[PDB]
Structure formats: structure tokens, C-alpha cells
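Have a look at the structure below, then the notes.
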Amino acid sequence: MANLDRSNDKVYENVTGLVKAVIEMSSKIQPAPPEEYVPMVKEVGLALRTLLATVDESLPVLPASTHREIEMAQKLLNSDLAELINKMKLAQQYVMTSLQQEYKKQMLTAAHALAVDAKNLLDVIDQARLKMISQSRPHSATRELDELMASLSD
Numbered sequence: 004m005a006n007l008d009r010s011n012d013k014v015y016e017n018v019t020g021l022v023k024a025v026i027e028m029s030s031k032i033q034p035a036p037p038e039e040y041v042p043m044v045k046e047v048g049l050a051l052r053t054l055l056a057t058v059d060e061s062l063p064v065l066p067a068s069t070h071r072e073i074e075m076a077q078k079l080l081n082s083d084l085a086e087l088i089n090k091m092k093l094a095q096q097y098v099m100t101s102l103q104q105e106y107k108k109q110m111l112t113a114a115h116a117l118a119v120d121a122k123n124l125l126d127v128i129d130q131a132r133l134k135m136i137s138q139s140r141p142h169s170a171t172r173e174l175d176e177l178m179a180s181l182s183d
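In C-alpha cells form, the structure reads like this:
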């Protein structure tokens with residue numbers, strides 16, 4: 004047997020951890036070699052795909068109020084994934100040519116907004132849980174994810 008206080012803490016964790024990388028990687032994104040791209044994109048794909056599930060679990064765990072946001076957050080994750088993996092896989096082949104920093108620039112932009120998203124997740128819903136405390140009684170999507178997963182695996 005085990006309590007259900009494991010994922011509840013992971014949500015507020017990943018939303019932060021994934022962000023930390025978004026910054027660091029964003030610093031060496033330019034010089035980011037083709038050998039460091041494999042793992043780099045791997046991390047992003049994890050927080051992204053995982054976020055879809057994590058967030059879905061945050062819906063019930065948290066008080067209804069940010070359903071709309073969470074709803075659009077799911078679909079967004081899907082598209083974001085492709086766009087992300089794409090830009091990454093691009094620089095991987097556009098490095099031996101010359102257009103390296105190029106794909107890196109446009110990538111940083113999108114990747115930047117994406118990161119903030121995962122953070123705004125708990126940031127938004129937070130207003131719901133808090134609103135409760137300070138008042139009374141203080142207390169084919171998977172297809173793409175799976176497909177892209179293999180594309181990165183082998």
C-alpha cells in the first residue's frame with residue numbers, strides 16, 4: 004500500500020525542474036553540439052509528454068476553476084511537442100552545413116514560451132486552491174507522443 008501524495012508533489016516539482024533546464028540549455032543552446040542534442044531533446048520530450056499526464060491528474064487533485072486552461076494545455080502540449088522535436092532535430096542536421104544558430108534562435112523563442120506554460124500550470128490553478136483556503140474549510170494524441178518517442182529512441 005502507498006499514499007497518493009507522490010504525484011501531487013511531482014506536479015509542483017516537474018513544473019519547476021523542467022524550467023531550470025530550459026534556462027541552462029538556452030544558454031548553451033547556440034554552441035549546443037550535435038552530440039548534446041540527443042539528450043537535450045530527450046529531456047524536453049519527457050517533461051512535455053509527462054506534463055500531459057501530470058496536468059490531467061492535477062484537474063481532480065485541485066479544485067475546479069482552471070478547467071479551461073488545463074483543457075487547452077493538453078492540446079497545446081501535443082502541437083508544442085512536434086514543433087519542439089522538429090526544431091531540435093533540425094539543428095541536428097543543420098549543423099554540418101552552417102545554419103546552426105539560425106534554427107537555435109527561432110527554437111529558443113518557442114521553447115521559451117513553452118517553458119513558461121508548464122510553470123503557469125500550477126501558477127494558475129493555484130488561485131483555485133488558495134481561493135478555497137482563504138474562505139472556509141482550509142484543505169490520437171497519445172499516437173503522436175508514442176510515435177515521436179520511437180523516433181528519438183532509435
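For the sequence shown, the positions run 4 to 142, 169 to 183 when the authors' numbering is used.
Don't be surprised by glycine CBs; every beta carbon is placed ideally from N, CA and C.
What are the boundary residues of the alpha helix (DSSP H) that residue i is part of?
i, result
"residue 63", "37–64"
"residue 135", "103–136"
"residue 70", "70–96"
"residue 17", "10–30"
"residue 171", "170–182"
Please report how far the alpha carbon of residue i lies from the alpha carbon of residue j, in whole angstroms.
i, j, result
"residue 6", "residue 60", "15 Å"
"residue 39", "residue 45", "10 Å"
"residue 113", "residue 123", "15 Å"
"residue 78", "residue 41", "25 Å"
"residue 97", "residue 173", "24 Å"
"residue 32", "residue 88", "14 Å"
"residue 105", "residue 51", "23 Å"
"residue 90", "residue 10", "30 Å"
"residue 108", "residue 115", "11 Å"
"residue 27", "residue 48", "16 Å"
"residue 128", "residue 93", "35 Å"
"residue 71", "residue 139", "24 Å"
"residue 16", "residue 100", "39 Å"
"residue 69", "residue 56", "16 Å"
Do the CB positions of residue i and residue j come within less than 7 Å of each other?
i, j, result
"residue 80", "residue 102", "no"
"residue 18", "residue 125", "yes"
"residue 130", "residue 37", "no"
"residue 29", "residue 117", "no"
"residue 58", "residue 76", "yes"
"residue 84", "residue 73", "no"
"residue 66", "residue 135", "yes"
"residue 21", "residue 170", "no"
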